[PDB]
Each structure stands twice: as C-alpha cells, then as structure tokens.
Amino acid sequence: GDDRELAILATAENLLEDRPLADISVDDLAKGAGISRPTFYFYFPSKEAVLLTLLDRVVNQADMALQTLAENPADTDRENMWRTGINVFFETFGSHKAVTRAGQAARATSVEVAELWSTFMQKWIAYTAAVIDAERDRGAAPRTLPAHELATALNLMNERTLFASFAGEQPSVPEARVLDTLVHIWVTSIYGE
C-alpha cells in the first residue's frame, strides 16, 4: 500500500538529515520503514528514485503555493508582492533542507533530477518575466533589460543564495537576513532606471 511507500519516504528524509545519500543503503531505508529489502524494490528501483520522489514532492509543493499566490493577489505595495513570492521558496525549501541539499548534489549525477529542476526553474523564470512585463506595460517599471534575461539572473541568484544559506556554506548570507537581501536586489533591479 501507499503506507509502506510513505514510510520509505519518511525514513529517507529523516536519514538524509544526518548523512548524504551516498551514506544511505537500501537496507537502511528498508529497516527504518519496517520492510524487507525485496519489498523495498517493489516500491522503488533504487535509493536515487526515492530521493527523486522526495524532491518532486517538494518542488511541486513550492509550485502549487506560488500558483495559489498568483491567483490571489495580496493588497500591498510592489515590494511586499515580491517578498511574499520569494518567501514561498524560502519557506518551502527551508522546511525541507535535507532533501533540498540532497537534490542539489544529485543534479550532477542524475539526469532525471537535473531535468526536474530545469523544468521548474524554466516555469518560475517565465512567470517572473511575465510579471515584470506587466509592470512595464502598466508604467510601473522602466524598460531596461530584456525581462526574461533579468528574470533568469534573479532566479539563479535566489537558487544559489538560498541554498548556500540553508547549507550554512561559507560564504553565505545568514538565513535570518536572506529574504531582505534578495528582495532588495529584486526590487531595485526591476524598478530602478
């Protein structure tokens, strides 16, 4: 049943908080989920497919929250609008730091994980660019850089900066400061002449 599959995923996420995926065996996942190794292979072909599934759930959680925001504009200024949107990624991925860090490392080694991340980044960049274009059309932002190129760089900044903060990398922006830092750069670069 789905319960055994969910047990595997819950075990994987918890074990990923203490060691990398290269330090997790299929027997570890089976044992923590209360199943045998052959039973595990009925639900997943590999431990990498387990991570892929975990990462897919996290990215779709962030995507669905962003869609929710897009359909219900909040009644605030332009700065808070961008902050509320960037915060979706801050909170969703910040609530799944182990899966986030694991998925970032797997991008090099897994074509499926690299394609998953690329597909969602393309979608989020396209939406960012559409909002910038709307702001220009209504006269609220100046026509400076091509909107899509600007949106690409800003989203890549968020990816790199958020993930450095969550991993505690050196250098990084402190996690308590990263939202204000990113919002400042987005707002000045989108609305500055």
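We call the rigid core the largest set of C-alpha positions that still match within 1.5 Å between the two forms. Residue indices: 1-based, along the sequence shown.
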Comparing 67 to 75 with 82 to 90, which has C-alphas lying farther from the shown form in 9 other deposited structures of this protein once the core is aligned? 67 to 75
69 to 77 versus 113 to 121: which one carries the higher mean Cα B factor per the record? 69 to 77
Taking only the CA atoms, which stretch has the higher mean B-factor in the record, 82 to 90 or 102 to 110? 102 to 110
At the C-alpha atoms, which of 153, 55, 167, 131 reaches the highest B-factor in this entry? 167
Where the record places residue 137 (Cα B-factor, split into thirds across the chain): highest
Relative to the other modelled residues in the chain, which third contains the C-alpha temperature factor of residue 149: lowest, middle or highest? lowest
For residue 174, the third of its chain into which the C-alpha B factor falls: lowest
Ranking the modelled residues of this chain by C-alpha B-factor as given in the entry, is residue 46 in the lowest, middle or highest third? highest
What third of the chain does residue 12 rank in for C-alpha temperature factor, lowest, middle or highest? middle
